[PDB]
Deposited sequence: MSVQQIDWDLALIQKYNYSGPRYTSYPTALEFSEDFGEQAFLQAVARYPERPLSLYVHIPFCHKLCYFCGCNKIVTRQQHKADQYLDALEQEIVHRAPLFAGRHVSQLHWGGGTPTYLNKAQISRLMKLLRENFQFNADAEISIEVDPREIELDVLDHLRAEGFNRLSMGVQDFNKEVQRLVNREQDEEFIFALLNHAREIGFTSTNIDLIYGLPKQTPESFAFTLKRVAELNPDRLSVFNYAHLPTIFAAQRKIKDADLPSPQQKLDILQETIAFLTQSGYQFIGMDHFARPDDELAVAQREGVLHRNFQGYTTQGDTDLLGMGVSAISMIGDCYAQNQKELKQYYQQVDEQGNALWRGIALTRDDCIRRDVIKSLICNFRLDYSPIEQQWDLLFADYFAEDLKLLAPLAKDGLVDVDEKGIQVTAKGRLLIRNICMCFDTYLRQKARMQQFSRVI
C-alpha cells in the first residue's frame, strides 16, 4: 500500500463549517439568495428516506424503524409537496447526480420507487448520463427489485453488510443471510450496476483481529467495486439502541488498531486502493483516477468526481449545499410534515459561509481528497498570501510537520505516507471554530 503505518504517530470533517455552526436564524430569504448565486452550476439531488424494517443496535443514522409500511406513502405525499414547491426554483438547472440515502431507501416498494422517481424526473431536468444511486439493505428484499431500480435508471448502489460474523450480527440485531448477500450483489453486477459499494464496520461487539480477517476473506470472494469500512461510533446517550450493546464486548483500542492495520494491508493485497478516510476503491475507479489527477471531490455522501455542483437535499434531515450556504431540513418527522404542509418546505437551519469559511472549506477539501495543498491557486482565487492569512494555522501545523505527518514549505503542503491516516488532525489546524 501507499500508507505507511506508524503505531507511535497514531498518539495523535463532514463539511466545513460543520453542522455545529448551523443556525435557525438562517431563513427562507437566505436560501433564495443562495439558489440565485450560481444559476449555471450543475445540480445534484439528495433524497432522505428514513424508514427501516428493523432496529440495528449500532446505528447512528437519521432513521425511523417501523413496520407501518403505509408511512412510506404518507412520506412520499410530503416529498411530492416539497418537490412541487422547491423544484421551480431550479427550472433552468441540469441534474448530474441523484442519490437516495437514509435509513433504508429500499424500504420503498416498486410502486413507491416508481412514484418518487417520476416526481423527480418530471420536476427536474436530468442529464441522460446522470449518476443515479441508492443504498440497499440486503434483508426483506427480492432480487427483482434490482431489475426495477435499473429500469428506473439507477446505475449505482451501496449495500450495508457491516460484518458477516454471525455472533456479531446477533449482538447488533442484524442477522442476514450470507448466501443472499452474494446473490444480490452478483445479480446487481449481472444487470449492469457498476461502482458497487459495501459498508463494513470495525469496532462492533465481539469483533477481534482474527474475526475481522475472516470476514475480509469472504468480502474478497464477494468482490465489491468499492468498500467503506467505518470505525464504530458508540454514543449510547444519543443513539438509544446502542444501549443494547455491552461496552465490555467492544474491542480494546489495540484490537481496533490491529483490525485497521490488517484491513488496509489485506484490501491492498486484494487490489483495492485506500482513497482516504473510510473508503477503498480499485486503482482504475473514477475516484482513484481523479485523486491521482488532483481533482477528487467530496460532499455529504462522500467522495465524488463531480465538484462545483449545487446540492439540493429533500426529505427529513436533508442537507443542501447551495451558493456558498448550507441549509438543513427539520430532522424530526412530525415537524418536517408540519412545515411542508404549512409552507411547502421544511427549512430548519443553516449557514451562509463567510469569505474565510469558503477559503478554509477549499483548503480542507483539497487536503481530505487529494492529500496535498498547492498554495498558489488559493492565493490567486482569493487574492491572499498564504503564509499570512494562515500564519496561526501553520504554527499549529509545525509540530505535526516535525513529526513527519506532512512535508511543508513556502509553496505548499504534502501529506506523507505516514500522515494520511491522520488527515483529520492535519485539517484541524485550519479549523477556526474549535
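Residues 1-3, 14, 17-22, 445-457 of the deposited sequence have no C-alpha coordinates in the structure.
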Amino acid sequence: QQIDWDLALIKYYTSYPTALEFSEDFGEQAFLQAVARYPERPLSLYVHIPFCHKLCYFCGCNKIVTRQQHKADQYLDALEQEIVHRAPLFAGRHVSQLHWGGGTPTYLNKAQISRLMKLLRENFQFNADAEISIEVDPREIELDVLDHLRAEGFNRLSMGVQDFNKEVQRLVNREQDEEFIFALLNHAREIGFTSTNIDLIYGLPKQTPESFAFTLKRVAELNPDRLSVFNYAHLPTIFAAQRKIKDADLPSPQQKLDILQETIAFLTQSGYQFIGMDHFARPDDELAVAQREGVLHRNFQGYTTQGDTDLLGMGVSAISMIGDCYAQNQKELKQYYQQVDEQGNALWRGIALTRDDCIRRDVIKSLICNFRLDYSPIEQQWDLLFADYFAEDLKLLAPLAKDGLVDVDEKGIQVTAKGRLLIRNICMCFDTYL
From here on, numbers count along this sequence of modelled residues.
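As the entry records it, the average C-alpha temperature factor is higher for 384-392, out of 60-68 and 384-392.
Relative to one another, 283-291 and 106-114 have unequal mean CA B-factors, and 283-291 is the one with the higher figure. The residue among 356, 80, 142, 199 whose C-alpha atom has the highest B-factor in the PDB entry is 142. Going by the entry's values, 273 shows the largest Cα B-factor out of 173, 273, 123, 96. In the deposited entry, the Cα temperature factor of residue 303 sits in the top third of values across the chain's modelled residues. In the PDB entry, residue 50 places in the lowest third of its chain by CA B-factor. The PDB entry assigns residue 235 a C-alpha temperature factor belonging to the lowest third of its chain's modelled residues. Ranked by C-alpha B-factor against the other modelled residues of its chain, residue 252 falls in the highest third. Among the modelled residues of its chain, residue 210 has a C-alpha B-factor that falls in the highest third according to the deposited record.
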